[PDB]
There are 4 protein chains.
Amino acid sequence: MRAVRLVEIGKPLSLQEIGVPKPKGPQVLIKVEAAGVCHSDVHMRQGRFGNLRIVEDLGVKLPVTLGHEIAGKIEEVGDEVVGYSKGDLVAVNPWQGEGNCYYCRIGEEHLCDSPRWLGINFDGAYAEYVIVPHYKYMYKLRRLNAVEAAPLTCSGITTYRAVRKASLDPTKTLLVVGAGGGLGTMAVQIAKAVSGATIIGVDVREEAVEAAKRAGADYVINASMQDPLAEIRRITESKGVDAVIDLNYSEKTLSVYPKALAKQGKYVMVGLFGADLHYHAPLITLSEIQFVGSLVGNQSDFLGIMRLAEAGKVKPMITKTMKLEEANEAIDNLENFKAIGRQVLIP
Amino acid sequence: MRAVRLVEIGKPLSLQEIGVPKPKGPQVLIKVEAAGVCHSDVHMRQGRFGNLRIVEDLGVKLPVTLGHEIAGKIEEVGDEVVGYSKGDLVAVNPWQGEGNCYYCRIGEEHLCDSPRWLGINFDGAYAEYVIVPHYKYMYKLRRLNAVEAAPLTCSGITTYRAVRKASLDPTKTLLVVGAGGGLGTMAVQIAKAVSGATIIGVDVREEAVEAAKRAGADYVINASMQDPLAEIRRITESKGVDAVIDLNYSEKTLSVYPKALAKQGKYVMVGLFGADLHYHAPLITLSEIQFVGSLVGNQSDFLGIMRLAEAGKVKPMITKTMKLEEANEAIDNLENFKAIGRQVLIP
Amino acid sequence: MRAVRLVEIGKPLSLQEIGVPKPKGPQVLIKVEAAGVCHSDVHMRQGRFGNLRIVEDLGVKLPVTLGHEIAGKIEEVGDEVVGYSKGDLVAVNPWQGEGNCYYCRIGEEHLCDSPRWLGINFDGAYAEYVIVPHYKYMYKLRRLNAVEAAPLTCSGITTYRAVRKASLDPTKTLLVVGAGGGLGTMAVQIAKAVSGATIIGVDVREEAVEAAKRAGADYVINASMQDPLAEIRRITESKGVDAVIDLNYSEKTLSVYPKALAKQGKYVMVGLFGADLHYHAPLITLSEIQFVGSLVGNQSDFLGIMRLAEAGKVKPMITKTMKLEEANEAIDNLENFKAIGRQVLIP
Amino acid sequence: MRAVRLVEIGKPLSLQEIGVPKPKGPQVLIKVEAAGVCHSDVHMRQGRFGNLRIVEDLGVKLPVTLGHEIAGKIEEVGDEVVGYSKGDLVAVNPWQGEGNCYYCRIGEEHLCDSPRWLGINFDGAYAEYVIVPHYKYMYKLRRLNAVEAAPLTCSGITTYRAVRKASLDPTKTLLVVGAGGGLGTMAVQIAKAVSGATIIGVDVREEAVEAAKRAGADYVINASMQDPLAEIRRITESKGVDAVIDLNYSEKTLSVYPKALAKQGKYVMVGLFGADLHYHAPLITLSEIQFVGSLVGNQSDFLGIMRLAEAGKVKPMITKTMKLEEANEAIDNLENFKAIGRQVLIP
Ligand SMILES: [Zn+2]
Ligand SMILES: [Zn+2]
Ligand SMILES: [Zn+2]
Ligand SMILES: [Zn+2]
Ligand SMILES: [Zn+2]
Ligand SMILES: [Zn+2]
Ligand SMILES: [Zn+2]
Ligand SMILES: [Zn+2]
């Protein structure tokens, strides 16, 4: 089968012709119908994941097939597989744990001590087929097609968990920063579907502000036009917001938005940008605010976003389909921030 | 009555002879049998509270009587007081809310938008009598005397809430920083009394290390003689700790102890020291750590620490009793870090 | 002023001409614009409340003006009232506590040991004016008029708390029993506005099933046509539901719907009907199900329902307006189950 | 190897000579050094487990080796086992899941839809060797030996979870019913080690009342000699208890102790006795009480109890060692309630 792989850091991905693994035991062989490409793969093609080394830290033994956003049809099931048959359309949770460590035992497998992340330190979906280590990481699609689902396994689970960490309820207000981008609109949609909280989206372009409104925000702010802190204060009648979700935070967002926090406000940071949080400690204790990080999500988060998306309660990302051969191209566009829409590789 | 009051910023407290207020409605006049003095009174005699101005921010109309650590016998009760009688020995929760704002409605009264903090922006216990705005803020002492209880209304409630925010259970490990000082040993005792978590105490002098161990720590570390991070790494088998309670944090502690956090770990900061939190953002997202602030506590936290103490499950702070007149003196020793043990004024 | 009061048990309410109280301190005098009437008032005109005696248990000193569903305009404010002004239209939370008991301290005021329930053991809104003990129990109306808001102070808060007790999230499914009734549709609307859970509504007539569908149920079951437990199994792929909300339970609902629960499922029961819960203990332990009671709610619950309603996120109850003098008739209609919609008296 | 097995329902267990399975993949073959025996095995020797049929319900293809309380040294590890070596002394969590169902995904593996319960529907520890389906279900013993640890896999995890379900804190009071039996003293110790709550222990013979007191109960009551309800109301000053943990409830306990519940009290039921819960529904709603079932526990509960025990924070159950050959004998003893102390078979 054809597979686009990381054979050497720095160097572009390489198309190879490798053997189609044979599924044994709980394993499932999936014929890939969609392989999402995201910013992570930009930093992945450079041998890193945030600031770790896939080789030194995650134990990657190059070459490795990339692609951690996976949906497709079951081609074959191992002999121990239960509850799935050839022909089933599924999405796959790639953030897999080994089972024995503390995080696996308490059901937070994505924080596993020795992670098995598909497409990061194990072969992924940039190929005609992909082995899923255990059938329990799958979700049968009934309403969504593969292209619609694949991005949910990464951006969907990430934003779903970030919304959960914002601890929202009907008495609260949420601020979503960068609310008109891919991640932002998804966070707005999920917060709207799952919380009852008032949702405020802030962005910096008229088009992105409109996308935030279309995604369901109750209020939107164009920070290039209005002082955002003053508009947040006006909307919340000087209370501030009870949570901020800052997806792909930057040095700028971290310096501005914590000031919009109400007492006990939670500032949820998502992403891997090389920026530092700088905050006056007394301001933290006096207001009991919290700064909390989030990345990807666990099996319950996967269940949650998949259930929302399958019920149509949240919508698929704006998508651009491309062929496998275009993998490097797709990633280049993400480097030059020339990727308008989630790129998904299709057969 | 006699009353030591902050009549002018900078200038030392003044011993005045003002009248004894008359208790009306749900108010309660307490004859002070113990007024604690703590570090906050040092930064108080300087017209501030962390970085605010009791006058401009907390609306303090000087002169204002200090003393937010209160315990005494009821002298007289308003006509709407129920369940308390003249003579009753009580401790008082000074962190009072007005009831109408968001924070009062959800039961977080200490975070009230228009706080009524006894001894901070309302007349405190640095006097012979003190008015408690509402009887519900009192707790009937049965086992403890005024001197032992008075510190609990500040240090006890503060550390009780900090332990709750650590979100501890038996599967977890807590690090208490400064574990051998006044606040540190209380935190250790409370954590040992209420969570079942493994408790590590760290301090910098052999004497403080012994006090932490005597307060119940499972493991104690002397950071002057050992590398706390290496010790913690082995105690937790490289996982790190699930919470750090940093009472009276500094630029130094904030720069060291966050590195001890396990994934999902909570760094609970308590106090008003002029230090800034500096932390690389990707470290926060990758490990899902949380920096959480905490100060004083609500009516539930007061009930909790008083119940523990009355049942002897947590012991009174080490105290040195003095006279009302020695107020300015008491606050001096705190300024010059010459005060060993909680100073308690006895009118 | 005119006031319809319970001057004797059994005997029908009595229209009296009493004096308009004077508001002092934190008290607020409201000019009633809407006094909701509900089933509770049936069991109230009979000196009871579930199984208690308002006189013996709640300390009711007859005569007492009924009316616990209250909205109107501020006529006058006590001298200590802050944040409200004459002419403000407000809804009132009647489930008030005294503040000192355990439940009040932990923020569960409706479960107070010495409750101050307006319209129950204190003068309520079946009159031209009503005294609210403390202004903090009010909520300013902007979107809603008094008639729309009054029922929310009872059915709204009750149902909102029931939904919170069901512990819903996007990975779960809820069953609302009697989903087409006034309380049932409110529960469906709230669950849809606040949770992300999949919602199944069940009722027993075609028109009721339609009402549940309009309220927002994802699935509906006509139990007069299909076996409801089998249909719930089909919908949930044999898992059962993670919660049941059974508002105004009967002997019939309690004998059938707990069987629909998934493992760990919560059966939230609301109401005072004289029925017994009857269930085989081993089934409870084997499935870890929970039976949980709920009645009315606290300040946070009131905040939540008013915020949803004021934002239009949940709709007001179908209402029939009547005159104060018709109070007895209104209650009669509830006894003869000839009441269509929530009856609201307008003085 | 020697293996006592349930070859036919009704008929007593049969000592057989079966081969020692070979551990493949993630499996681990353990050399049993302790096989606890508890009441469940009595109810098991009768093909049942509460009321089910291990064959019909749990898919038990007889003969099946009993023994769900497992501890011993690792004889051999599969080729996929990490973190454990031949020679390691371990305790085993028998309440295992398959991974794919909702309950496994959310980390509640004991509630798995297709449970793999060692000693119940999978071969247990009544043998010289036993296969563990996956190494993650193990815990390395450091301070405990096999005999001390094996019972924890059942009574320890069960009571640990019951205590968590009681939702305790320092402001609360817990009643443990059957407080002086093996399960009861474990529950008391755990509540004392992990909750801060005041503990009332009730039992029905003086020797058991004394054992409850030695286990940590603050108050103890002999329900044989004194009205337990009057005594509880005296101790709690009429508030009632905030939780009851009813270990091996009976028709008697369930008809009595719910009456001792405070408002919001949680009644935690543990066990499989043939009794019905009968309770007036209005009492449930008026007081917001909860009846909640609890059975065994999940991976996090197992981690918690093993941590407590390995730290000496709770003590091993009183045990009586016997030989594999006496399996039927031990179960007989439990049938005739002639068994004093947890019987542990040592092949
Ligand atoms: Zn991705
Ligand atoms: Zn792991
Ligand atoms: Zn203090
Ligand atoms: Zn307030
Ligand atoms: Zn009502
Ligand atoms: Zn109360
Ligand atoms: Zn057992
Ligand atoms: Zn399962």
# chains A, B, ... in the order shown; residues from 1 in each chain; ligands from 1
call {"tool": "residues_near_ligand", "arguments": {"ligand": "ligand 6", "cutoff": "6 Å", "atoms": "only C-alpha atoms and all ligand atoms", "output": "number ranges by chain"}}
result
C: 97-101, 103-104, 109, 112-114
call {"tool": "residues_around", "arguments": {"residues": "residue 269 in chain A", "least_positions_apart": "5", "cutoff": "7 Å", "atoms": "only C-alpha atoms", "output": "list in words"}}
result
residues 245, 246, 247, 249, 292, 293 and 294 of chain A; 285 of chain B
call {"tool": "write_last_selection", "arguments": {"atoms": "N, CA and C atoms", "output": "short mmCIF file (atom, residue, chain, number, x, y, z; two decimals), in the first residue's frame"}}
result
data_model
loop_
_atom_site.label_atom_id
_atom_site.label_comp_id
_atom_site.auth_asym_id
_atom_site.auth_seq_id
_atom_site.Cartn_x
_atom_site.Cartn_y
_atom_site.Cartn_z
N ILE A 245 -11.63 30.53 26.97
CA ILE A 245 -10.94 29.43 26.30
C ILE A 245 -10.12 30.13 25.21
N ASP A 246 -8.81 29.97 25.33
CA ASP A 246 -7.84 30.62 24.44
C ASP A 246 -7.19 29.52 23.62
N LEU A 247 -7.71 29.32 22.41
CA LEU A 247 -7.23 28.23 21.59
C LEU A 247 -6.11 28.81 20.75
N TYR A 249 -3.27 30.06 21.92
CA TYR A 249 -2.91 31.29 22.60
C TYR A 249 -1.60 31.85 22.02
N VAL A 292 -5.47 27.03 33.55
CA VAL A 292 -5.52 25.59 33.39
C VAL A 292 -5.20 25.22 31.95
N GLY A 293 -4.41 24.17 31.77
CA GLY A 293 -4.04 23.77 30.43
C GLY A 293 -4.88 22.59 30.01
N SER A 294 -4.99 22.39 28.71
CA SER A 294 -5.74 21.26 28.18
C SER A 294 -5.10 20.90 26.84
N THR B 285 -0.13 23.35 29.02
CA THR B 285 -1.07 22.61 28.20
C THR B 285 -0.68 21.12 28.10
#
call {"tool": "residues_around", "arguments": {"residues": "residue 315 in chain C", "least_positions_apart": "3", "cutoff": "10 Å", "atoms": "only C-alpha atoms", "output": "PyMOL selection string"}}
result
chain C and resi 144+148-149+152+185-186+189-190+215+308-312+318
call {"tool": "select_by_dssp", "arguments": {"residues": "range 126-162 of chain A", "states": "strand (DSSP E or B)", "output": "number ranges by chain"}}
result
A: 127, 129-132, 138-140
call {"tool": "interface_residues", "arguments": {"of": "chain B", "to": "chain C", "cutoff": "6 Å", "atoms": "only C-alpha atoms", "output": "number ranges by chain"}}
result
B: 99-100, 105-107, 136, 299-300
call {"tool": "write_last_selection", "arguments": {"atoms": "N, CA, C and O atoms", "output": "compact mmCIF listing (two decimals), in the first residue's frame"}}
result
# COMPACT_ATOMS: atom_id res chain seq x y z
N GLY B 99 -24.92 39.51 50.52
CA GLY B 99 -26.02 38.64 50.13
C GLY B 99 -26.57 38.74 48.71
O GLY B 99 -26.98 37.73 48.13
N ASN B 100 -26.55 39.92 48.11
CA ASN B 100 -27.23 40.10 46.82
C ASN B 100 -26.39 39.77 45.58
O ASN B 100 -26.95 39.37 44.56
N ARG B 105 -24.73 34.75 46.28
CA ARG B 105 -25.82 33.86 45.91
C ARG B 105 -25.37 32.41 45.72
O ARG B 105 -26.12 31.48 46.04
N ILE B 106 -24.16 32.22 45.21
CA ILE B 106 -23.64 30.88 45.00
C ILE B 106 -22.86 30.36 46.20
O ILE B 106 -22.21 29.31 46.12
N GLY B 107 -22.94 31.06 47.32
CA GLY B 107 -22.27 30.56 48.52
C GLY B 107 -20.76 30.76 48.57
O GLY B 107 -20.05 29.97 49.20
N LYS B 136 -25.14 34.56 62.12
CA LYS B 136 -24.87 33.32 61.39
C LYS B 136 -23.38 33.13 61.15
O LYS B 136 -22.94 32.04 60.79
N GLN B 299 -18.48 30.35 54.29
CA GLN B 299 -19.11 29.76 55.48
C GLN B 299 -18.90 28.24 55.60
O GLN B 299 -18.77 27.69 56.71
N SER B 300 -18.88 27.52 54.48
CA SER B 300 -18.59 26.09 54.53
C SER B 300 -17.17 25.81 55.04
O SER B 300 -16.95 24.86 55.81
call {"tool": "residues_around", "arguments": {"residues": "residue 266 in chain D", "least_positions_apart": "5", "cutoff": "10 Å", "atoms": "only C-alpha atoms", "output": "list in words"}}
result
residues 290, 291 and 292 of chain C; 165, 166, 167, 168, 174, 241, 242, 243, 244, 245, 258, 261, 288, 289, 290, 291 and 292 of chain D
call {"tool": "residues_around", "arguments": {"residues": "range 35-51 of chain C", "least_positions_apart": "2", "cutoff": "8 Å", "atoms": "only C-alpha atoms", "output": "PyMOL selection string"}}
result
(chain C and resi 6+9-13+32-33+53-55+66-71+120+125-126+147+150-151+272-273+327+330-332+334-335+342-346) or (chain D and resi 282+286)
call {"tool": "atom_distance", "arguments": {"atom1": "CA of residue 202 in chain D", "atom2": "CA of residue 177 in chain D"}}
result
5.2 Å
call {"tool": "select_by_dssp", "arguments": {"residues": "range 75-267 of chain C", "states": "helix (DSSP H, G or I)", "output": "PyMOL selection string"}}
result
chain C and resi 102-105+109-111+135-137+146-153+155-165+182-194+206-215+228-235+251-260
call {"tool": "write_last_selection", "arguments": {"atoms": "C-alpha atoms", "output": "PDB file, in the first residue's frame"}}
result
ATOM      1  CA  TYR C 102     -26.085  23.890  58.614  1.00  0.00           C
ATOM      2  CA  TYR C 103     -28.006  23.969  55.312  1.00  0.00           C
ATOM      3  CA  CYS C 104     -27.947  27.726  55.114  1.00  0.00           C
ATOM      4  CA  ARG C 105     -24.201  27.820  55.764  1.00  0.00           C
ATOM      5  CA  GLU C 109     -31.124  27.604  52.030  1.00  0.00           C
ATOM      6  CA  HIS C 110     -34.291  25.918  50.854  1.00  0.00           C
ATOM      7  CA  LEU C 111     -33.461  22.997  53.191  1.00  0.00           C
ATOM      8  CA  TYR C 135     -33.775  42.074  48.786  1.00  0.00           C
ATOM      9  CA  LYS C 136     -31.177  39.407  47.877  1.00  0.00           C
ATOM     10  CA  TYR C 137     -34.022  36.980  47.040  1.00  0.00           C
ATOM     11  CA  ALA C 146     -44.522  39.436  35.950  1.00  0.00           C
ATOM     12  CA  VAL C 147     -47.004  36.832  34.704  1.00  0.00           C
ATOM     13  CA  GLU C 148     -44.335  34.989  32.668  1.00  0.00           C
ATOM     14  CA  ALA C 149     -41.874  35.105  35.599  1.00  0.00           C
ATOM     15  CA  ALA C 150     -43.962  34.172  38.589  1.00  0.00           C
ATOM     16  CA  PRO C 151     -44.296  30.411  37.814  1.00  0.00           C
ATOM     17  CA  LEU C 152     -40.523  30.245  37.357  1.00  0.00           C
ATOM     18  CA  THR C 153     -40.125  30.918  41.087  1.00  0.00           C
ATOM     19  CA  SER C 155     -41.866  25.190  38.809  1.00  0.00           C
ATOM     20  CA  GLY C 156     -38.874  26.847  37.152  1.00  0.00           C
ATOM     21  CA  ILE C 157     -36.489  26.531  40.075  1.00  0.00           C
ATOM     22  CA  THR C 158     -37.746  23.032  40.958  1.00  0.00           C
ATOM     23  CA  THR C 159     -37.229  21.704  37.459  1.00  0.00           C
ATOM     24  CA  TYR C 160     -33.900  23.479  37.047  1.00  0.00           C
ATOM     25  CA  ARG C 161     -32.612  21.812  40.185  1.00  0.00           C
ATOM     26  CA  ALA C 162     -34.033  18.443  39.091  1.00  0.00           C
ATOM     27  CA  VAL C 163     -32.058  18.718  35.866  1.00  0.00           C
ATOM     28  CA  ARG C 164     -28.897  19.601  37.774  1.00  0.00           C
ATOM     29  CA  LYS C 165     -29.430  16.546  39.995  1.00  0.00           C
ATOM     30  CA  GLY C 182     -46.282  21.658  32.208  1.00  0.00           C
ATOM     31  CA  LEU C 183     -43.400  20.447  34.360  1.00  0.00           C
ATOM     32  CA  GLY C 184     -42.344  17.817  31.814  1.00  0.00           C
ATOM     33  CA  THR C 185     -42.020  20.305  28.949  1.00  0.00           C
ATOM     34  CA  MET C 186     -40.115  22.664  31.219  1.00  0.00           C
ATOM     35  CA  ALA C 187     -37.688  19.868  32.153  1.00  0.00           C
ATOM     36  CA  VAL C 188     -37.196  18.966  28.470  1.00  0.00           C
ATOM     37  CA  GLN C 189     -36.543  22.627  27.591  1.00  0.00           C
ATOM     38  CA  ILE C 190     -34.099  23.114  30.436  1.00  0.00           C
ATOM     39  CA  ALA C 191     -32.253  19.871  29.796  1.00  0.00           C
ATOM     40  CA  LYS C 192     -31.994  20.850  26.132  1.00  0.00           C
ATOM     41  CA  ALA C 193     -30.739  24.328  27.023  1.00  0.00           C
ATOM     42  CA  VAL C 194     -28.260  23.313  29.687  1.00  0.00           C
ATOM     43  CA  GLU C 206     -50.743  11.898  21.165  1.00  0.00           C
ATOM     44  CA  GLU C 207     -51.109  15.608  22.065  1.00  0.00           C
ATOM     45  CA  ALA C 208     -48.744  15.308  25.051  1.00  0.00           C
ATOM     46  CA  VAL C 209     -46.153  13.515  22.939  1.00  0.00           C
ATOM     47  CA  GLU C 210     -46.360  16.389  20.431  1.00  0.00           C
ATOM     48  CA  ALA C 211     -45.879  18.920  23.218  1.00  0.00           C
ATOM     49  CA  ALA C 212     -42.704  17.069  24.310  1.00  0.00           C
ATOM     50  CA  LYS C 213     -41.414  17.123  20.753  1.00  0.00           C
ATOM     51  CA  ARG C 214     -42.035  20.869  20.527  1.00  0.00           C
ATOM     52  CA  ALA C 215     -40.300  21.363  23.874  1.00  0.00           C
ATOM     53  CA  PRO C 228     -42.183   2.354  26.850  1.00  0.00           C
ATOM     54  CA  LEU C 229     -39.418   0.319  28.434  1.00  0.00           C
ATOM     55  CA  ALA C 230     -38.818  -1.620  25.207  1.00  0.00           C
ATOM     56  CA  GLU C 231     -38.720   1.602  23.183  1.00  0.00           C
ATOM     57  CA  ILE C 232     -36.262   3.176  25.647  1.00  0.00           C
ATOM     58  CA  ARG C 233     -34.048   0.131  25.267  1.00  0.00           C
ATOM     59  CA  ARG C 234     -34.198   0.382  21.467  1.00  0.00           C
ATOM     60  CA  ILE C 235     -33.298   4.090  21.464  1.00  0.00           C
ATOM     61  CA  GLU C 251     -47.344   4.933  42.013  1.00  0.00           C
ATOM     62  CA  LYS C 252     -47.391   3.999  38.318  1.00  0.00           C
ATOM     63  CA  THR C 253     -44.280   5.908  37.232  1.00  0.00           C
ATOM     64  CA  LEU C 254     -42.262   4.712  40.215  1.00  0.00           C
ATOM     65  CA  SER C 255     -43.141   1.092  39.495  1.00  0.00           C
ATOM     66  CA  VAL C 256     -42.132   1.288  35.815  1.00  0.00           C
ATOM     67  CA  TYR C 257     -39.450   3.853  34.919  1.00  0.00           C
ATOM     68  CA  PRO C 258     -36.648   2.896  37.319  1.00  0.00           C
ATOM     69  CA  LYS C 259     -36.443  -0.258  35.175  1.00  0.00           C
ATOM     70  CA  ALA C 260     -35.321   1.968  32.281  1.00  0.00           C
TER      71      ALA C 260
END
call {"tool": "atom_distance", "arguments": {"atom1": "CA of residue 226 in chain C", "atom2": "CA of residue 204 in chain C"}}
result
9.7 Å
call {"tool": "closest_residue", "arguments": {"among": "A:240, A:170, A:123, A:203", "to": "residue 224 in chain A", "atoms": "only C-alpha atoms"}}
result
A:203
